[PDB]
Protein chains: 4
Amino acid sequence: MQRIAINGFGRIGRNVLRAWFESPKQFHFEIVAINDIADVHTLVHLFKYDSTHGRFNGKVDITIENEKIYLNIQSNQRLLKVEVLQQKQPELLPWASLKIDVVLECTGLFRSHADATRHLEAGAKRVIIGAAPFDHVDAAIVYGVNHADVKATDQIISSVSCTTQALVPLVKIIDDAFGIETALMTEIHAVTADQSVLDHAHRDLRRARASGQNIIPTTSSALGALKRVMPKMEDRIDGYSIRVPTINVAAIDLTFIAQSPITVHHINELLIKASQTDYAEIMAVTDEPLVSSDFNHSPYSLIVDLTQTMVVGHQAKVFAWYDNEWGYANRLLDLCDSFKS
Amino acid sequence: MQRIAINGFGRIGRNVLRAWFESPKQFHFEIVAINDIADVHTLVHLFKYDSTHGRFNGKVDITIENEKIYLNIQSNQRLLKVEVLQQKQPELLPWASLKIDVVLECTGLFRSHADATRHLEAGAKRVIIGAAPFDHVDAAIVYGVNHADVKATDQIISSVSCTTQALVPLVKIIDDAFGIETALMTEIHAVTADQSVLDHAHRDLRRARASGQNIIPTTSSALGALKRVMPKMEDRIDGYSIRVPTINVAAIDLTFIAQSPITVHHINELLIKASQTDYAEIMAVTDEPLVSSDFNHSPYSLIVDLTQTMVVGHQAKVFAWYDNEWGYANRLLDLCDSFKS
Amino acid sequence: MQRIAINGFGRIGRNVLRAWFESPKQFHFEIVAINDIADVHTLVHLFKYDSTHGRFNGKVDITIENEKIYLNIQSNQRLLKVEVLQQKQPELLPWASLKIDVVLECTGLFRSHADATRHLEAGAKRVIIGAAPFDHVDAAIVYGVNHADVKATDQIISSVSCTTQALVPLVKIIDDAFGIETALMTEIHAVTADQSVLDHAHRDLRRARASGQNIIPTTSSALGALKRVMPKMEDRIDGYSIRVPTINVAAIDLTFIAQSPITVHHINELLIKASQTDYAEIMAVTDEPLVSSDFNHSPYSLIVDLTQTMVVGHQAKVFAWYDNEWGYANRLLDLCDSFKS
Amino acid sequence: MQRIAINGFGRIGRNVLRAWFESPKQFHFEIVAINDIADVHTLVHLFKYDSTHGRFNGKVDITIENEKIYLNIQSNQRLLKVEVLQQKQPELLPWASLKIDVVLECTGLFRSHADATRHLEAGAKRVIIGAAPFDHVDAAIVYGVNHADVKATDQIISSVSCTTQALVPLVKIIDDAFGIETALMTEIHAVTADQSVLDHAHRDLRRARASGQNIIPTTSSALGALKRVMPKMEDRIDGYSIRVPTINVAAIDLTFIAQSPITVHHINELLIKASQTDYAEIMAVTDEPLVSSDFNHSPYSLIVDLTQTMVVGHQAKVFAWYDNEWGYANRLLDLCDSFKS
Ligand SMILES: Nc1ncnc2c1ncn2[C@@H]1O[C@H](COP(=O)(O)O)[C@@H](O)[C@H]1O
Ligand SMILES: Nc1ncnc2c1ncn2[C@@H]1O[C@H](COP(=O)(O)O)[C@@H](O)[C@H]1O
Ligand SMILES: Nc1ncnc2c1ncn2[C@@H]1O[C@H](COP(=O)(O)O)[C@@H](O)[C@H]1O
Ligand SMILES: Nc1ncnc2c1ncn2[C@@H]1O[C@H](COP(=O)(O)O)[C@@H](O)[C@H]1O
């Protein structure tokens, strides 16, 4: 069966594996290897215990065999024997011998086309960058929109940011119905590792500042991303992220100018249909009176709070929550399940 | 002097007094009484120490002259004797005998023209409701914009909300020079007192949940304010508000369609000229990459982040800060100062 | 099957009803009625949606009849039909009708014998205050310790606090082993409902203060309870509490003077043999480097951090974690099961 | 006059420079040089805008004379003309050319005896390690206790930690009245720079975990340091530290067995006395019911909460707050203004 490997057992990598076991439907593929620069013990711990998502529900047993290290993981009536590796520089990795079909490059270090091929130079067949693009990419995918539009000879694939997978669907759907003259996105976002616990030295003089005590307006790769997905949107959309002191779950505030005429009802109605039809696998809509932590550990790439939708004249605004760790995790998985086809 | 009194030594009332002593120019009106349902010591204790604004910078001793309790408040080369009262029902309050010129109603219970007038029956000359009008006000005022338009016959007046103080100048300033077709607002606001520390039974099931580790979107009455202030802007602007774990400071995220050519440079250039000339008292602008905490205890009704301004086509977004409690409190005083003809 | 009411559908009351379901051990009794000032719809929201413990996993069918309201609740293959009520005064409540074998008085408003007797007046056969007593109680129980001391005759009982549920084991185990001359307790508790979001008027001027941004030391009627439980430990034990801005999970820090030889190993080993034999049902011990978050939703009365134990001479210090809501909520049930005719 | 320089312009470094300006008493020495690996601009911004301590009241103007970068800071009727340096290797520093009498080491990378000496070999005339000793130093000092015992043979001087600056004067005062058989310290501390914002890989696995959402029991160098100043205390004192989600201000829970009769009264009475006589510059005491943010920006090396003092038999406990950035930093300034003839 298709063999997958994770480079970087960070938040993303860890949650991905967690998802594999937690996934309601067993993914046909299997993860057989994880690479990192840290000791296995540290990782296991972080995989086992998490402040956000909680104790991982199942045993994890390390075994040394020959000289190779292995995570025997069991959970949800499902096993994986993973091989651990401690190679800093990808190029030397043994993806060749392991017959690794798909690398999940989740280190955030090797985002470029050059640094991503290093995994292919190392004998892997297909890389997926678990972040926005840096320079070149053979395709910029958003499972639920253009996961089909992957050529087979594509090798360096990006699946963009968590933010981008809430934005792209909102935009596509609405442009396809009402038209979008120009849009503007505010993103209310939980904290991210990039920030500092206390005022520290940081390039981002904004993210320099105490994560827990500040509202921090900053930027989002998610615009430049979506412009690679919908190159026509170049010079029509913009926006930014705001960081506030919650641990997890984020929102989008999408203001836009419709080209056809719009009512509140109408916009909400469309988004409800869309969530039951084409985008059923990654969208959901809620009227109920909810707040971020209700959407924690929610595998949708976005949920629309419909009550939040507003309209004055041509101008409108919609609101979507999304677990900014866990949606984007199941989308790295859901995409890998699309390649067997 | 012209004599002012406070009803409700709440988060506002206390800050108003603090501001009276902390303001760089002394006001030509004394605060001669306060009144609250809570014990004097509790009030004093919270007058002296504040989690958001640290210690009060001076002395407070409690005299019992006659049968009457008194506060004796020594700070920044200024003194006040201040009679404490403890009457729920504001019609009993002896504003008559104390010869109160102006009340500030700062409890939140008495916002109807009806309820508020009870201070005038108690023998007050004038009342300011420190809150968006409940039903009617002889006028509704935002210092720096329309404060002038108070007539002598005007008896019940509202100083609206912190949001209103920052949302209105932005509209007047932009709408005049550029022309707002429609505009939408997103208010990122710190925790509010009416919230719940853990999840709790409450009318609003959004503002029922854990204030400190939860994002909660909800309503802003600073729209239903703005419309009494600017009648022209009815159906041209709606918006909503978001609670986030910080303890103070808030942001307005204004997003508007223009009836003219708009560049980022030209928007910011206006907002600057407006702060330099027409609104130098209640406005300011910052080029610097600052965050919420940096504007704590800032007296300006709005500080505009110019590196947050954004243009796509005829649509745009401006970004302004304000200390909710302080920005609003200094405007309260600035107002009572203005009635001296 | 006995029949159990819950005056008070707050953190405790609600998490009681949950644990009944989420528990793998099935209780021979059933919960058949709840009461609260709030209206059914609101209780149901909050029963389903919790910030701390997350989405309730089950369906909740609100049934209205000619006057009576019910709650059909389905989860973990278990089904309850639960009458809802809205009556402030527990004297008038119809426990008579419904054959209430036990009330769980989880409001924290009826803690005297007289106020709790209002439930016996209403027709309930037996009460239990879900707090420390306020005066007379026909016993004060800590499950796993003196739950068999329940006299048949005993009507009004108390189940002390979560804090006391943890302190007492420790004391009893150590004293009955090494002998405790005197011992002091430092409790690090997460925010609680009594606390305020911002500085508000309150009788306890420690708890008046903004809960999110303050280390707030204070009282703890765990001691006053521990004395009612272990009478011989009068005068020898005192302690206090500290509120810090986590949402949940507390820790207890007991420094004691032993009346015999003590060494870290022996201290820990003792607690290990306890968590393995006698107290093994409400106790557990962990060698691992954990933090508060990971014990969130843990059913144990105490979990001892054995890496934290220290000894200098005849004085030593042990350390335990506990979930304040869930630890307590499970024990309440366990005690109800203890009452078997 | 003596000429001070700062290696490491971090939390400590920058607060040190700030304190210089704020002190009512113009110190009899000037800070003439700072050094950081980071870029000047960042260093200014952070020195100007702080989340913990607010805006620096003054103005900084960067000047590049010749090929040297200077900082012209003006505040509180004073000016310093600083030089900024980008030299990571201390041996290569120009302390000799700058005629530096005192380097403040605050990088926390050069705590070792050898490494700190690297400064002296650069022409430094005396070095102060702004941390507990790593290996062994010429002398460990606690201003207000033993700041007189400095010899001119002493060139490597450790100012211990913000914690030790409060632990020592308690222990000293208490042993030297009632005696201390043994004693155990619990420390509740605000968050530190070294913690992670989200769960993360790090050497210590408890400081790996999310700073804003956990109580985190860990360790404290303060005992190791106190023994190098009170060697008699070896074997007679231990303790640990806990990190809670607050920005600043920490407290200490000293529990101790007395060697005489003690009553709560006498203990508080001694500490009141001590705070007026000998330890009057570095100590204070409060009867009031106060909380962390009350003592933010408070230059006392400790303050006792006397309401918190407890007694059972020979065992007693006390409690004291301290600003763990501000206090420590004025002690650095107080230590440098001892050395003057
Ligand atoms: N050169 C590298 N090769 C492989 N994994 C790496 C490398 N550098 C960092 N990592 C991992 O990438 C992750 C960093 O992302 P995060 O920890 O989520 O901020 C951690 O799991 C690191 O161990
Ligand atoms: N009937 C009343 N008359 C005057 N002040 C009141 C009354 N009821 C409550 N207050 C005060 O109004 C304020 C409302 O809460 P807050 O403004 O958030 O502090 C508090 O100071 C209350 O103690
Ligand atoms: N008179 C009452 N009878 C029954 N339950 C009550 C009464 N008053 C308040 N409660 C409930 O008790 C709860 C207090 O516990 P907590 O939610 O932890 O603050 C409130 O949320 C109410 O739902
Ligand atoms: N010579 C130096 N070598 C290494 N780090 C330095 C040096 N000078 C300044 N720094 C940095 O200054 C920072 C200030 O401390 P902090 O920001 O609290 O970690 C430290 O992180 C150091 O790395």
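Please note: Cβ atoms are built from the backbone with ideal geometry, for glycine as well, and neighbour counts cover all protein chains shown. Each answer follows from the model by the rule given with it, or from the source it names; no laboratory read-out is quoted.
Residue check: D:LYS232 meets all listed conditions (1) free of Cβ contacts under 8 Å to residues at least 12 places away in the same chain; (2) in a strand (DSSP E or B) but one, namely (2). Annotation: of all residues in segment C:1-28 being more than 14 Å from C:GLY327 (Cβ to Cβ) and of a type in the set (S, T, N, Q), the one that is nearest to ligand 4 (Cβ to nearest atom) is C:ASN7. Restricting attention to segment A:102-121 and to residues that are away from ligand 1 (no atom under 12 Å from the Cβ) and hydrophobic (A, V, I, L, M, F, W, C), the residue that is surrounded by the fewest Cβ atoms within 10 Å (Cβ to Cβ) turns out to be A:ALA114. In segment A:199-230, how many are within 11 Å of chain B (Cβ to nearest Cβ), surrounded by fewer than 24 Cβ atoms within 10 Å (Cβ to Cβ) and polar (S, T, N, Q)? Here the count works out to 2. Only strands (runs of 3 or more DSSP E) whose full extent lies in segment C:69-108 are considered here, and the ones with at least 1 residues that are more than 24 Å from C:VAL150 (Cα to Cα) are C:69-75, C:78-85. Exactly one residue among D:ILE180, D:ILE242, D:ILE252 is touching a helix residue (DSSP H, G or I) at 6+ places or on another chain (Cβ under 9 Å), of a type in the set (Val, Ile, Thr), buried (at least 24 other Cβ atoms within 10 Å of the Cβ) and within 24 Å of C:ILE257 (Cβ to Cβ), and that residue is D:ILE252.
Within segment D:20-36, residues that are within 15 Å of D:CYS336 (Cβ to Cβ) sit with their Cβ atoms under 7 Å from residues that are of a type in the set (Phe, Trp, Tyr) and outside any loop (DSSP other than H, G, I, E, B), at 6+ positions apart or across chains, in these pairs: D:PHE27/D:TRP20; D:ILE31/D:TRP20. In segment B:70-86, the condition of being under 25 Å from B:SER301 (Cβ atoms) and in contact with a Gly (Cβ under 6 Å, 6 or more places away or on another chain) is met by at least one residue. Picking from residues in segment D:240-258 that are within 8 Å of chain C (Cβ to nearest Cβ) and free of Cβ contacts under 8 Å to residues at least 60 places away in the same chain, the one that is farthest from D:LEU198 (Cα to Cα) is D:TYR240.
Within the bounds of segment C:113-125, is there any residue that is assigned by TED's automatic domain parsing to the domain that holds C:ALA33 and either closer than 19 Å to C:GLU67 by Cβ or part of a strand (DSSP E or B) (or both)? Yes, segment C:113-125 has at least one match. Of all the numbered requirements in (1) of a type in the set (S, T, N, Q); (2) closer than 24 Å to B:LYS273 by Cβ; (3) assigned to a loop (DSSP other than H, G, I, E, B), B:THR153 misses one, and that requirement is (2).
Which ones in segment C:74-95 are aliphatic (A, V, I, L, M) and more than 28 Å from C:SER161 (Cα to Cα)?
Hit for segment C:74-95 is C:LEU79, nothing else.
Inside segment C:269-292, residues that are more than 14 Å from every other protein chain (Cβ to nearest Cβ) and within 25 Å of the chain's Cα centre (by Cα) make up a count of 15.
Scanning segment D:4-52 for residues that are closer than 27 Å to D:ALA96 by Cβ, more than 10 Å from chain A (Cβ to nearest Cβ) and of a type in the set (D, E, K, R) yields a total of 1.
Count of segment A:183-198 residues, restricted to those that are aliphatic (A, V, I, L, M) and surrounded by fewer than 21 Cβ atoms within 10 Å (Cβ to Cβ), is 1.
Would you confirm whether or not segment C:44-61 contains a residue that is under 30 Å from C:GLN155 (Cα atoms) and among the charged types (D, E, K, R)? No: zero hits. Among the conditions (1) facing another protein chain (nearest Cβ under 7 Å); (2) more than 16 Å from ligand 2 (Cβ to nearest atom); (3) part of a helix (DSSP H, G or I), the only one that C:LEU184 does not satisfy is (3). Which of the residues that make up segment D:197-220 are closer than 12 Å to C:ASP294 by Cα, in a loop (DSSP other than H, G, I, E, B) and either within 16 Å of ligand 3 (Cβ to nearest atom) or among the hydrophobic types (A, V, I, L, M, F, W, C) (or both)? Listed by number, the list holds a single entry, D:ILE215.
Just one of the listed residues (A:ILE272, A:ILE237, A:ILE247) is assigned by TED's automatic domain parsing to the domain that holds A:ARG206 and either acidic (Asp, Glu) or within 21 Å of B:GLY239 (Cα to Cα) (or both), and it is A:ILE237. Does C:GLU325 satisfy the criteria of being surrounded by fewer than 21 Cβ atoms within 10 Å (Cβ to Cβ) and farther than 22 Å from D:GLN315 by Cβ? Against the criterion (surrounded by fewer than 21 Cβ atoms within 10 Å (Cβ to Cβ) and farther than 22 Å from D:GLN315 by Cβ), C:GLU325 does not qualify.
Against the test of being among the polar types (S, T, N, Q) and away from chain C (no Cβ under 14 Å), the options B:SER196, B:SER161 yield a single qualifying residue, B:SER161. Filtered by the rule that a residue be among the hydrophobic types (A, V, I, L, M, F, W, C), assigned to a strand (DSSP E or B) and either crowded, with 22+ Cβ neighbours inside 10 Å or within 16 Å of ligand 3 (Cβ to nearest atom) (or both), segment B:1-59 gives B:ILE4, B:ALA5, B:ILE6, B:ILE31, B:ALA33. Which residues, counting only those in segment B:181-200, are free of Cβ contacts under 8 Å to residues at least 40 places away in the same chain and within 20 Å of B:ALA251 (Cβ to Cβ)? Correct list: B:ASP194 only. Can you find a residue in segment A:104-111 that is more than 14 Å from chain D (Cβ to nearest Cβ), touching a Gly at 6+ places or on another chain (Cβ under 6 Å), more than 16 Å from ligand 4 (Cβ to nearest atom) and of a type in the set (A, V, I, L, M)? Yes - at least one qualifying residue is present in segment A:104-111.
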